[PDB]
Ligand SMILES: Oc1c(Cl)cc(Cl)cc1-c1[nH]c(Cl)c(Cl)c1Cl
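Quick setup: one chain, the form deposited without the ligand, written in structure tokens, and binding and motion questions come after.
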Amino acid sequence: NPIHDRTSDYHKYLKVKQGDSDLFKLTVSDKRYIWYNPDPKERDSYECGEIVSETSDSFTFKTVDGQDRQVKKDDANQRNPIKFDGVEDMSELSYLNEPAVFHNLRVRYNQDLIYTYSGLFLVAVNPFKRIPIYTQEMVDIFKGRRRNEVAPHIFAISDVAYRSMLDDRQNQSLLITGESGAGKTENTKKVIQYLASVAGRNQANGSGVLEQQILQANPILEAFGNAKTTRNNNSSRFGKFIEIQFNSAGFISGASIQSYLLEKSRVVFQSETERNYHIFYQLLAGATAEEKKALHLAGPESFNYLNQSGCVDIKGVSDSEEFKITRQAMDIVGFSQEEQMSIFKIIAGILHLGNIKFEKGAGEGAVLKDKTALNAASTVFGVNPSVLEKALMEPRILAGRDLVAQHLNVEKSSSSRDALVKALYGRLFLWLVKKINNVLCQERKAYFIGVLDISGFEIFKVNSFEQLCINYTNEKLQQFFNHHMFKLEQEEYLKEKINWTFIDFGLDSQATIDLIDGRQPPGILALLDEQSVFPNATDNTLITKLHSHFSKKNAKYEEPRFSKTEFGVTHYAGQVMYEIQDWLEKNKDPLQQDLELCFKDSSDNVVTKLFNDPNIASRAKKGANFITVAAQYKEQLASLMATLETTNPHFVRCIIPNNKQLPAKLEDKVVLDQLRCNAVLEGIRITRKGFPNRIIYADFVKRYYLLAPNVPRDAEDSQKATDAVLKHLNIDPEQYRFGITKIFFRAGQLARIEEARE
């Protein structure tokens, strides 16, 4: 075991770097320290405070500056004994207060260790620097060992999830969730990879066929789904749910993927300094004049879906060659030659529909002084150019009982084409998922290691509809970890030789989970999906009802004191104000109907299958006709949670270092404020509710029995032996609650013997 080998990098990389000695002749003082934040204002940003007299209430001070301010007995965030700093399970801690939490990891992150265990949650802060914790030799270690057995590292979360699958014979699920850019996909990508060797199908070391088939799906799910943004460069327009399929005899079979809402509108809008889908900025470089010609193409700047952005290039990124990498992960999936010209050549239309400009002069009606640019979409789509517009400008619309071709004004006209776009990108993203799925996921399935990555509720300036959705989730998945731990808090509840007094919770987050989704009495998507069908009433009247029902009667809600387009719900993180622009127009999500009418018929096997194959456009039944996008979401959701309500979960709370995207500095502002709102802290403050500090009971008796020369170094049954240092150091029965295998020395008075004397 390289762990023996001191030199073996794993010591310097993932471990605090155990020092030579293990005795009391080491880290030494005898006093007590408390965390104080010197400014009577700014909360975050604490500083070391010294204690002067542990009085009944008035805690005594000596500020780093040397002052004498005095806080109460119950608000002075005290500071953990140093024997501990940079310890793997934050649970081990005897004081869990925001500073005393941000400290134990500031330091470890500081020593180049990014991974620290906390209760269950593997917390990991994002480096931004390239670190060698991923080599095969790495794989080789965390293999077949216990969480405690070896280092805090992602590989552990899985090997564990892995053996587990085949020792209980139930499917499992890893959950990587947290702040944007915060890095889920970098680990989510390294776990699947661990799933590549420990259970790796390769007969001989490496991979065979399914492995790369499965391994180069990503380049794909990225060049089309992923965008650069303000908080990342590999930002994820959607979310995903990949499970890995094995047999009863220990090996991989096929696999899975489950995408959610794309940033479908980003296709047509790139805020300053943010780019459109990555594939767009590749197909224009990694090709030839037999490809630009093959599909009318000018340099990646002439397109008004790419320049309006304010940026194209990516510091340190061969967009040009980044394209090759993705064309091979196609070939491997058996992506055929005709199969790629079509995906792209079908993308290329979406570029052009952009260089098309709706002019206007027939009184008020848009027209086209230039047919050239359409001459391509009609061209590369292989549809009607005359109707393409003729269905564009004057579509037939049913007003009452009559079929009457209208003519949208200079504005509603272009706007309508702008719909024919997400349509290709949604349906096209969609078909790329169906396709992988087909060549990867088998039928005779057995166990699964479900990996889902999707975004924690992050709060922002405008919060359009799309988001009321992705908190709906982090409100649901948040309730889960809340509930699951309760049912597990019954177990150790059965065997300690005494079974504690029934404890209940229920999660008050339930009131809000209704506010959003409730049928009777109805909630946001309920009264929303009601007006989504009347095609006359508008936002103002809608943002007006969500105030009728709730303003002043429903606790978790806040009508805007002033704005008449806002409204505010309150989540597991707190208040959020939402917008009402097109909420109606989008749950509704329409598109003029002579378009599916005219596209349904094409020269393509992939242009046509998207408008003709209901496994693509249609939803399920209800309203009187095809259901609505928020309706779909609510049902498609529980299909998942009720798909974890049978497996063993595995959690990963991801944490970002700074919103500046730079390595080697930890904002004591950003980081500490991803902490307090997310349950990571919260699910262990709860279990502390008794004694947060719990241990294997092999250590304490070796960790402290000489300050009381009564219990030895090698006593065999401390069950009858470690006792002799309690009736001599003197810990009252309330002062702790031990166990018959493990122990948890008092919820509070523990350091009075842990940091001071032998």
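Each residue number is its position in the shown sequence, starting from 1.
The same protein has a further form, the form deposited with the ligand bound, not shown here; the description that follows concerns it.
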Touches the ligand in the deposited bound form: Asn615 (any heavy atom, 4.5 Å): yes
The ligand contact at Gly426 in the deposited bound form, heavy atom, 4.5 Å: yes
Interface membership of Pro590, the ligand in the deposited bound form, 4.5 Å heavy atom rule: yes
Exercise: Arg688 in contact with the ligand in the deposited bound form, heavy atom 4.5 Å: no
Contact segment among 615 to 623, 669 to 677, 249 to 257, 368 to 376, judged by heavy atoms lying within 4.5 Å of the ligand in the deposited bound form: 615 to 623
Heavy atom within 4.5 Å of the ligand in the deposited bound form - the one residue of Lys264, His547, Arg327, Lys143 that qualifies: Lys264
Listed residue that, although the ligand is not shown, lies within 4.5 Å of it in the deposited bound form (heavy atoms), from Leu166, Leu542, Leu430, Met341: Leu430
